[PDB]
$ cat entry35.txt   # compact mmCIF, C-alpha atoms
# COMPACT_ATOMS: atom_id res chain seq x y z
CA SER A 34 -16.60 -105.01 -5.20
CA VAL A 35 -15.18 -101.74 -6.45
CA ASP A 36 -15.25 -103.81 -9.61
CA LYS A 37 -18.97 -104.14 -9.13
CA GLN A 38 -20.23 -100.59 -8.58
CA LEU A 39 -17.96 -99.40 -11.43
CA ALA A 40 -19.27 -102.23 -13.67
CA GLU A 41 -22.68 -101.14 -12.43
CA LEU A 42 -22.19 -97.39 -13.02
CA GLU A 43 -20.96 -98.19 -16.52
CA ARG A 44 -24.02 -100.17 -17.71
CA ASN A 45 -26.18 -97.54 -16.09
CA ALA A 46 -24.53 -94.84 -18.23
CA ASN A 47 -24.31 -97.19 -21.26
CA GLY A 48 -20.67 -96.25 -21.70
CA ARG A 49 -17.20 -97.75 -21.46
CA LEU A 50 -15.15 -96.84 -18.38
CA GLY A 51 -11.42 -96.95 -17.74
CA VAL A 52 -10.01 -96.09 -14.34
CA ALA A 53 -6.55 -96.14 -12.90
CA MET A 54 -5.82 -94.99 -9.38
CA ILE A 55 -2.38 -95.09 -7.78
CA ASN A 56 -2.32 -94.59 -4.04
CA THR A 57 1.27 -93.45 -3.58
CA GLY A 58 1.00 -93.66 0.22
CA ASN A 59 0.84 -97.49 0.29
CA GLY A 60 1.59 -98.59 -3.32
CA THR A 61 -2.03 -99.70 -3.84
CA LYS A 62 -3.84 -99.42 -7.17
CA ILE A 63 -7.36 -99.66 -8.47
CA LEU A 64 -7.55 -100.54 -12.15
CA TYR A 65 -10.64 -100.87 -14.31
CA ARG A 66 -10.36 -101.56 -18.05
CA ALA A 67 -7.01 -99.92 -17.37
CA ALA A 68 -5.09 -101.72 -20.12
CA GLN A 69 -7.85 -100.81 -22.66
CA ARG A 70 -7.34 -97.91 -25.09
CA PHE A 71 -9.47 -94.76 -24.77
CA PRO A 72 -9.48 -91.52 -26.82
CA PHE A 73 -7.55 -89.07 -24.64
CA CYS A 74 -9.09 -85.85 -26.09
CA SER A 75 -7.64 -82.82 -24.21
CA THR A 76 -5.88 -84.97 -21.58
CA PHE A 77 -2.89 -85.34 -23.91
CA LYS A 78 -2.21 -81.62 -23.31
CA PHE A 79 -0.90 -82.70 -19.93
CA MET A 80 1.74 -84.79 -21.75
CA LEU A 81 2.35 -81.92 -24.17
CA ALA A 82 3.12 -79.43 -21.44
CA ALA A 83 5.46 -81.91 -19.73
CA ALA A 84 7.22 -82.30 -23.09
CA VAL A 85 7.77 -78.51 -23.28
CA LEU A 86 9.12 -78.48 -19.75
CA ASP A 87 11.47 -81.31 -20.65
CA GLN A 88 12.78 -79.31 -23.57
CA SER A 89 13.00 -76.16 -21.47
CA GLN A 90 15.58 -78.00 -19.30
CA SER A 91 18.18 -77.52 -22.04
CA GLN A 92 16.74 -74.17 -23.25
CA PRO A 93 16.81 -71.47 -20.52
CA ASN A 94 15.00 -68.95 -22.76
CA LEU A 95 12.32 -71.27 -24.12
CA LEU A 96 9.65 -70.49 -21.47
CA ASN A 97 9.83 -66.70 -21.90
CA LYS A 98 10.04 -67.01 -25.69
CA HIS A 99 7.33 -64.79 -27.18
CA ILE A 100 5.10 -66.45 -29.81
CA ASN A 101 3.40 -64.11 -32.31
CA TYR A 102 0.62 -66.24 -33.77
CA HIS A 103 -1.59 -65.03 -36.67
CA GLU A 104 -5.39 -64.88 -36.67
CA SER A 105 -5.46 -68.07 -38.79
CA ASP A 106 -4.01 -70.23 -35.96
CA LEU A 107 -7.21 -69.54 -33.98
CA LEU A 108 -9.74 -72.34 -33.55
CA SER A 109 -13.25 -72.62 -32.13
CA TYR A 110 -11.95 -73.43 -28.69
CA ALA A 111 -9.16 -70.94 -28.09
CA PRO A 112 -10.44 -68.44 -25.48
CA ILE A 113 -7.04 -67.34 -24.14
CA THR A 114 -5.07 -67.26 -27.39
CA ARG A 115 -8.03 -65.30 -28.87
CA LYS A 116 -7.71 -62.86 -25.92
CA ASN A 117 -3.97 -62.34 -26.49
CA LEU A 118 -3.91 -62.33 -30.31
CA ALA A 119 -2.88 -58.66 -30.65
CA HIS A 120 0.14 -59.03 -28.33
CA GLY A 121 1.01 -62.75 -28.60
CA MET A 122 1.99 -65.07 -25.71
CA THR A 123 5.07 -66.69 -24.18
CA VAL A 124 5.66 -70.44 -24.30
CA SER A 125 4.93 -70.58 -20.58
CA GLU A 126 1.67 -68.65 -20.93
CA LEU A 127 0.64 -70.97 -23.76
CA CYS A 128 1.31 -74.02 -21.56
CA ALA A 129 -0.84 -72.46 -18.83
CA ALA A 130 -3.67 -71.66 -21.20
CA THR A 131 -3.60 -75.16 -22.63
CA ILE A 132 -3.60 -76.88 -19.22
CA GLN A 133 -5.94 -74.51 -17.38
CA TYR A 134 -8.43 -73.40 -20.07
CA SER A 135 -7.87 -76.33 -22.51
CA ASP A 136 -6.99 -73.82 -25.25
CA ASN A 137 -6.63 -75.78 -28.54
CA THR A 138 -4.74 -73.06 -30.42
CA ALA A 139 -2.21 -72.92 -27.56
CA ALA A 140 -1.79 -76.71 -27.93
CA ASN A 141 -1.23 -76.67 -31.71
CA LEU A 142 1.30 -73.85 -31.25
CA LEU A 143 3.10 -75.89 -28.59
CA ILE A 144 3.28 -78.89 -30.89
CA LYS A 145 4.94 -76.86 -33.67
CA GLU A 146 7.42 -75.34 -31.25
CA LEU A 147 8.36 -78.84 -30.12
CA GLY A 148 8.82 -80.20 -33.67
CA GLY A 149 5.43 -81.80 -34.47
CA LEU A 150 3.19 -84.67 -33.28
CA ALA A 151 6.02 -87.19 -33.27
CA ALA A 152 8.01 -85.06 -30.85
CA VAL A 153 5.21 -85.50 -28.30
CA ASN A 154 5.21 -89.28 -28.90
CA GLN A 155 8.96 -89.43 -28.49
CA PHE A 156 8.73 -87.56 -25.22
CA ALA A 157 6.17 -90.07 -23.94
CA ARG A 158 8.46 -92.93 -25.01
CA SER A 159 11.31 -91.25 -23.15
CA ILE A 160 9.56 -91.47 -19.77
CA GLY A 161 8.53 -95.06 -20.42
CA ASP A 162 4.97 -94.58 -21.75
CA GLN A 163 4.43 -97.14 -24.55
CA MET A 164 0.68 -96.61 -25.11
CA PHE A 165 0.30 -92.82 -25.62
CA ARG A 166 -0.08 -92.05 -29.35
CA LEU A 167 -0.87 -88.58 -30.77
CA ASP A 168 -2.00 -88.93 -34.39
CA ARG A 169 -3.79 -85.71 -35.31
CA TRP A 170 -3.71 -82.00 -34.48
CA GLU A 171 -6.47 -80.02 -32.80
CA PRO A 172 -9.28 -80.21 -33.54
CA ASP A 173 -9.37 -83.53 -35.44
CA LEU A 174 -8.16 -85.66 -32.47
CA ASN A 175 -11.55 -85.51 -30.64
CA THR A 176 -13.44 -87.71 -33.15
CA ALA A 177 -13.09 -90.50 -30.57
CA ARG A 178 -14.57 -93.14 -32.85
CA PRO A 179 -15.22 -96.67 -31.49
CA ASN A 180 -12.14 -98.92 -31.85
CA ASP A 181 -10.04 -96.16 -33.45
CA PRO A 182 -6.58 -96.29 -31.77
CA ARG A 183 -5.67 -92.80 -33.01
CA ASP A 184 -5.15 -90.18 -30.30
CA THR A 185 -5.53 -92.68 -27.46
CA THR A 186 -3.81 -94.07 -24.38
CA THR A 187 -4.68 -96.44 -21.57
CA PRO A 188 -5.68 -95.31 -18.07
CA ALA A 189 -2.76 -97.29 -16.65
CA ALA A 190 -0.21 -95.71 -18.96
CA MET A 191 -1.47 -92.17 -18.31
CA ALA A 192 -1.65 -92.77 -14.55
CA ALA A 193 1.95 -94.06 -14.58
CA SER A 194 3.03 -91.06 -16.66
CA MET A 195 1.31 -88.51 -14.39
CA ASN A 196 2.90 -90.16 -11.38
CA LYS A 197 6.37 -89.97 -12.93
CA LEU A 198 5.98 -86.39 -14.09
CA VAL A 199 4.27 -84.84 -11.07
CA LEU A 200 5.52 -86.94 -8.14
CA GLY A 201 8.49 -88.91 -9.55
CA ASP A 202 11.82 -87.90 -11.12
CA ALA A 203 10.97 -87.66 -14.84
CA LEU A 204 11.41 -83.86 -14.84
CA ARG A 205 13.97 -81.67 -13.09
CA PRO A 206 12.77 -79.93 -9.86
CA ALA A 207 11.61 -76.52 -11.05
CA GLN A 208 9.87 -77.95 -14.11
CA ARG A 209 8.15 -80.64 -12.06
CA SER A 210 6.88 -78.01 -9.68
CA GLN A 211 5.62 -75.83 -12.58
CA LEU A 212 3.68 -78.76 -14.02
CA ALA A 213 2.01 -79.27 -10.67
CA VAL A 214 1.23 -75.56 -10.42
CA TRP A 215 -0.36 -75.45 -13.87
CA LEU A 216 -2.55 -78.44 -12.93
CA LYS A 217 -3.68 -76.96 -9.59
CA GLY A 218 -4.83 -73.77 -11.36
CA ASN A 219 -7.13 -75.65 -13.77
CA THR A 220 -10.51 -74.00 -14.40
CA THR A 221 -12.19 -76.79 -16.43
CA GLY A 222 -12.35 -79.50 -13.77
CA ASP A 223 -15.02 -78.39 -11.26
CA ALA A 224 -17.66 -80.93 -12.30
CA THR A 225 -15.48 -84.03 -12.68
CA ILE A 226 -12.93 -85.42 -10.21
CA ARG A 227 -13.04 -82.26 -8.06
CA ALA A 228 -16.81 -82.76 -7.58
CA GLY A 229 -16.08 -86.28 -6.24
CA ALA A 230 -13.32 -85.29 -3.81
CA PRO A 231 -13.56 -83.64 -0.35
CA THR A 232 -13.38 -79.83 -0.66
CA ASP A 233 -10.46 -79.62 1.80
CA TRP A 234 -8.37 -81.74 -0.61
CA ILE A 235 -5.98 -80.17 -3.14
CA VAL A 236 -6.69 -81.32 -6.72
CA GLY A 237 -4.76 -80.75 -9.93
CA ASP A 238 -6.31 -82.10 -13.10
CA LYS A 239 -6.56 -81.96 -16.85
CA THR A 240 -9.95 -82.66 -18.41
CA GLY A 241 -10.76 -83.96 -21.88
CA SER A 242 -14.03 -83.95 -23.81
CA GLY A 243 -15.04 -85.16 -27.25
CA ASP A 244 -17.49 -86.87 -29.58
CA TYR A 245 -19.15 -90.10 -28.47
CA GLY A 246 -19.87 -88.18 -25.26
CA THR A 247 -16.24 -88.64 -24.33
CA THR A 248 -15.67 -87.29 -20.80
CA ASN A 249 -12.18 -87.64 -19.32
CA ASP A 250 -10.18 -86.31 -16.37
CA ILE A 251 -6.68 -87.06 -15.08
CA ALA A 252 -5.72 -85.77 -11.67
CA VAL A 253 -3.35 -85.78 -8.80
CA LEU A 254 -5.13 -85.33 -5.47
CA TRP A 255 -3.59 -84.07 -2.25
CA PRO A 256 -5.57 -85.35 0.78
CA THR A 257 -5.38 -83.29 3.96
CA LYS A 258 -3.80 -86.21 5.79
CA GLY A 259 -1.39 -88.47 3.90
CA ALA A 260 0.45 -88.86 0.61
CA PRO A 261 -1.05 -87.97 -2.81
CA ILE A 262 -3.30 -89.97 -5.09
CA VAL A 263 -3.11 -90.24 -8.84
CA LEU A 264 -6.54 -90.75 -10.42
CA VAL A 265 -7.29 -91.15 -14.14
CA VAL A 266 -10.85 -91.63 -15.46
CA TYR A 267 -11.81 -92.12 -19.12
CA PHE A 268 -15.45 -92.49 -20.16
CA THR A 269 -16.99 -92.77 -23.63
CA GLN A 270 -20.43 -93.67 -25.02
CA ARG A 271 -22.33 -95.49 -27.80
CA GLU A 272 -23.47 -92.74 -30.18
CA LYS A 273 -21.45 -89.93 -31.71
CA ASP A 274 -23.79 -87.19 -30.52
CA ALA A 275 -23.91 -88.40 -26.90
CA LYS A 276 -24.17 -85.70 -24.24
CA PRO A 277 -21.23 -85.59 -21.77
CA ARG A 278 -21.53 -87.30 -18.39
CA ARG A 279 -19.26 -85.35 -16.07
CA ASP A 280 -21.47 -86.61 -13.22
CA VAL A 281 -20.17 -90.12 -13.96
CA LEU A 282 -16.59 -88.99 -13.41
CA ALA A 283 -17.61 -87.45 -10.05
CA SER A 284 -19.48 -90.62 -9.12
CA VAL A 285 -16.43 -92.73 -9.98
CA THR A 286 -14.22 -90.52 -7.84
CA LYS A 287 -16.60 -90.92 -4.89
CA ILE A 288 -16.59 -94.71 -5.32
CA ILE A 289 -12.79 -94.87 -5.52
CA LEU A 290 -12.05 -92.53 -2.59
CA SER A 291 -14.48 -94.55 -0.39
CA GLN A 292 -12.12 -97.57 -0.52
CA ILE A 293 -9.12 -95.57 0.62
$ encode --input "entry35.txt" --output "structure tokens"
Amino acid sequence: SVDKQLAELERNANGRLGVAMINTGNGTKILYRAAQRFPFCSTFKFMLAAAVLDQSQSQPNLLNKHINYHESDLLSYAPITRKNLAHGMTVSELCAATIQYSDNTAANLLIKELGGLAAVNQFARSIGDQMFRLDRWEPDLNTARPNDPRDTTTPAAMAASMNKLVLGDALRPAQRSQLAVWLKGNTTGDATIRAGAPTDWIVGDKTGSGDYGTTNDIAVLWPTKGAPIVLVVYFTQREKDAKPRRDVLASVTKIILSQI
């Protein structure tokens, strides 16, 4: 019956919908096309920041390391790195800007620092995520073409990963806390999962947007009473020039939280 209104909401938006929710309080899950692949767009940046924090566990100085990027690293969507060009930015700051403003230059910088795309994939493999695959740099990874497995994951995989990283034992304590802190300071997420949750709840999320009207959001939610909820929602549409449907992500959140 969740099955139904989601099925319903999907046709209505003439899109494809993947949902994975993990209620950590009772072990319950809601899964919808959750083994299907979906272009992750900026949501991978969550995995990317966790990878940096992993590395930082054997590199005390890595997070304060100052990066002096040139003008040519700048992309269209790089508000924060643009702001700090003259002075540069620390690894930490870059992680923040990539999580909280979805800065694409910050992301590309963080991938170099780590040792390239494959380093991100190896990190995912290391925490038991078999589906996450990063194939292209920013900004080419947002093409989100139908049936293209490049730069995709499954809602289940990403939900499992976010659970491990933010609530479980995949990172060491300080790192794990920092990842949570970055997520809770996100500025891009007002109209998606946040919009579907009660305003007294605590939400930490990473959004992702792309071609084919791709509208994504992965979140951990802290309800006023009880243990936290992991919620991942991926949505994509028929035509390449589709307009985003952030409302759909809010609607899905409402549907899901109504069960619980």
$ residues_around --input "entry35.txt" --residues "residue 178 in chain A" --least-positions-apart "6" --cutoff "12 Å" --atoms "only C-alpha atoms" --output "list in words"
residues 70, 71, 72, 73, 74, 184, 185, 243, 244, 245, 246, 247, 269, 270, 271, 272, 273 and 274 of chain A
$ closest_residue --input "entry35.txt" --among "A:220, A:187, A:109, A:90" --to "residue 239 in chain A" --atoms "all atoms listed in the file"
A:220
$ closest_residue --input "entry35.txt" --among "A:253, A:287, A:173, A:56" --to "residue 230 in chain A" --atoms "only C-alpha atoms"
A:287
$ closest_residue --input "entry35.txt" --among "A:36, A:280, A:43, A:238" --to "residue 199 in chain A" --atoms "all atoms listed in the file"
A:238
$ closest_residue --input "entry35.txt" --among "A:170, A:110, A:234, A:267" --to "residue 281 in chain A" --atoms "all atoms listed in the file"
A:267
$ residues_around --input "entry35.txt" --residues "residue 75 in chain A" --least-positions-apart "3" --cutoff "10 Å" --atoms "only C-alpha atoms" --output "ChimeraX atom specification"
/A:72,78-80,131-132,135-137,140,171-172,174-175,184,239-243,248-250
$ atom_distance --input "entry35.txt" --atom1 "CA of residue 203 in chain A" --atom2 "CA of residue 156 in chain A"
10.6 Å
$ residues_around --input "entry35.txt" --residues "residue 198 in chain A" --least-positions-apart "5" --cutoff "10 Å" --atoms "all atoms listed in the file" --output "PDB file with C-alpha atoms, keeping the file's coordinate frame"
ATOM      1  CA  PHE A  79      -0.900 -82.700 -19.930  1.00  0.00           C
ATOM      2  CA  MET A  80       1.740 -84.790 -21.750  1.00  0.00           C
ATOM      3  CA  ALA A  83       5.460 -81.910 -19.730  1.00  0.00           C
ATOM      4  CA  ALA A  84       7.220 -82.300 -23.090  1.00  0.00           C
ATOM      5  CA  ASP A  87      11.470 -81.310 -20.650  1.00  0.00           C
ATOM      6  CA  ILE A 160       9.560 -91.470 -19.770  1.00  0.00           C
ATOM      7  CA  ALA A 192      -1.650 -92.770 -14.550  1.00  0.00           C
ATOM      8  CA  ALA A 193       1.950 -94.060 -14.580  1.00  0.00           C
ATOM      9  CA  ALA A 203      10.970 -87.660 -14.840  1.00  0.00           C
ATOM     10  CA  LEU A 204      11.410 -83.860 -14.840  1.00  0.00           C
ATOM     11  CA  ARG A 205      13.970 -81.670 -13.090  1.00  0.00           C
ATOM     12  CA  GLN A 208       9.870 -77.950 -14.110  1.00  0.00           C
ATOM     13  CA  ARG A 209       8.150 -80.640 -12.060  1.00  0.00           C
ATOM     14  CA  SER A 210       6.880 -78.010  -9.680  1.00  0.00           C
ATOM     15  CA  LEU A 212       3.680 -78.760 -14.020  1.00  0.00           C
ATOM     16  CA  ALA A 213       2.010 -79.270 -10.670  1.00  0.00           C
TER      17      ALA A 213
END
$ closest_residue --input "entry35.txt" --among "A:224, A:151, A:42, A:107" --to "residue 139 in chain A" --atoms "only C-alpha atoms"
A:107
$ atom_distance --input "entry35.txt" --atom1 "CA of residue 134 in chain A" --atom2 "CA of residue 82 in chain A"
13.1 Å
$ atom_distance --input "entry35.txt" --atom1 "CA of residue 292 in chain A" --atom2 "CA of residue 48 in chain A"
22.9 Å
$ residues_around --input "entry35.txt" --residues "residue 34 in chain A" --least-positions-apart "3" --cutoff "12 Å" --atoms "all atoms listed in the file" --output "ChimeraX atom specification"
/A:37-41,63,65,288-289,291-292
$ residues_around --input "entry35.txt" --residues "residue 261 in chain A" --least-positions-apart "5" --cutoff "9 Å" --atoms "only C-alpha atoms" --output "PyMOL selection string"
chain A and resi 55-58+200+253-256
$ residues_near_point --input "entry35.txt" --point "(0.3, -90.9, -30.4)" --cutoff "7 Å" --atoms "only C-alpha atoms" --output "MDAnalysis selection string"
chainID A and resid 154 165:168 183:185
$ closest_residue --input "entry35.txt" --among "A:61, A:117, A:186, A:88" --to "residue 148 in chain A" --atoms "all atoms listed in the file"
A:88
$ decode --input "entry35.txt" --residues "range 52-141 of chain A" --atoms "C-alpha atoms" --output "tab-separated table (two decimals), in the first residue's frame"
chain	number	residue	atom	x	y	z
A	52	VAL	CA	13.36	4.65	-2.51
A	53	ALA	CA	15.15	3.03	0.35
A	54	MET	CA	14.29	3.78	3.95
A	55	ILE	CA	15.96	2.13	6.93
A	56	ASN	CA	14.22	2.60	10.24
A	57	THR	CA	17.11	1.96	12.61
A	58	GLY	CA	14.80	1.97	15.65
A	59	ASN	CA	13.11	-1.35	14.74
A	60	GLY	CA	15.14	-2.74	11.78
A	61	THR	CA	12.27	-2.05	9.36
A	62	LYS	CA	12.80	-1.02	5.74
A	63	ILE	CA	10.78	0.38	2.90
A	64	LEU	CA	12.24	-0.38	-0.51
A	65	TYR	CA	10.95	0.72	-3.90
A	66	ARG	CA	12.87	-0.10	-7.09
A	67	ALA	CA	15.67	-0.18	-4.53
A	68	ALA	CA	17.83	-2.72	-6.36
A	69	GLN	CA	17.50	-0.69	-9.62
A	70	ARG	CA	20.33	1.60	-10.76
A	71	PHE	CA	19.84	5.39	-10.77
A	72	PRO	CA	22.22	8.22	-11.76
A	73	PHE	CA	23.49	9.53	-8.42
A	74	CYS	CA	24.41	13.07	-9.63
A	75	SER	CA	25.71	15.11	-6.64
A	76	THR	CA	24.76	12.44	-4.07
A	77	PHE	CA	28.08	10.69	-4.71
A	78	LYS	CA	29.77	13.67	-3.00
A	79	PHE	CA	28.51	12.18	0.23
A	80	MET	CA	30.61	9.06	-0.53
A	81	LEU	CA	33.50	11.27	-1.62
A	82	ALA	CA	33.62	13.18	1.64
A	83	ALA	CA	33.47	9.92	3.63
A	84	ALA	CA	36.40	8.70	1.53
A	85	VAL	CA	38.44	11.79	2.52
A	86	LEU	CA	37.59	11.26	6.16
A	87	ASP	CA	38.67	7.64	5.86
A	88	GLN	CA	42.01	8.75	4.49
A	89	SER	CA	42.32	11.48	7.10
A	90	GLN	CA	42.35	8.69	9.74
A	91	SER	CA	45.94	7.86	8.78
A	92	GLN	CA	46.86	11.47	7.85
A	93	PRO	CA	46.55	13.87	10.82
A	94	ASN	CA	47.40	16.91	8.64
A	95	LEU	CA	45.19	16.08	5.67
A	96	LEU	CA	42.10	18.05	6.82
A	97	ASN	CA	43.99	21.32	7.42
A	98	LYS	CA	46.04	20.87	4.25
A	99	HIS	CA	45.70	24.07	2.20
A	100	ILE	CA	44.77	23.58	-1.48
A	101	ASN	CA	45.78	26.40	-3.86
A	102	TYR	CA	43.62	25.78	-6.93
A	103	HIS	CA	44.00	27.82	-10.15
A	104	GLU	CA	41.24	29.72	-11.94
A	105	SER	CA	41.02	26.89	-14.51
A	106	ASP	CA	39.73	24.36	-11.92
A	107	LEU	CA	36.57	26.49	-11.61
A	108	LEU	CA	33.34	25.19	-13.11
A	109	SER	CA	29.85	26.60	-13.65
A	110	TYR	CA	28.66	25.35	-10.31
A	111	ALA	CA	31.43	26.27	-7.89
A	112	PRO	CA	30.09	29.12	-5.70
A	113	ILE	CA	32.35	28.54	-2.69
A	114	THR	CA	35.59	27.64	-4.48
A	115	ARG	CA	34.95	30.72	-6.69
A	116	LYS	CA	34.60	32.79	-3.47
A	117	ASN	CA	37.90	31.50	-2.05
A	118	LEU	CA	39.98	31.41	-5.25
A	119	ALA	CA	42.41	34.17	-4.19
A	120	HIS	CA	43.28	32.49	-0.87
A	121	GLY	CA	42.58	28.78	-1.55
A	122	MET	CA	40.83	26.33	0.83
A	123	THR	CA	41.66	23.49	3.22
A	124	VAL	CA	40.65	19.90	2.53
A	125	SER	CA	38.08	20.19	5.29
A	126	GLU	CA	36.61	23.40	3.89
A	127	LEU	CA	36.41	21.77	0.46
A	128	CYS	CA	34.52	18.80	1.93
A	129	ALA	CA	32.09	21.23	3.58
A	130	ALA	CA	31.56	23.21	0.40
A	131	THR	CA	30.97	20.05	-1.59
A	132	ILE	CA	28.46	18.60	0.90
A	133	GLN	CA	26.70	21.81	1.89
A	134	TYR	CA	26.71	23.90	-1.32
A	135	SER	CA	27.25	21.00	-3.80
A	136	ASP	CA	30.38	22.76	-5.11
A	137	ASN	CA	31.60	20.80	-8.19
A	138	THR	CA	35.10	22.29	-8.24
A	139	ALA	CA	35.53	21.29	-4.58
A	140	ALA	CA	34.51	17.73	-5.57
A	141	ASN	CA	36.95	17.44	-8.50
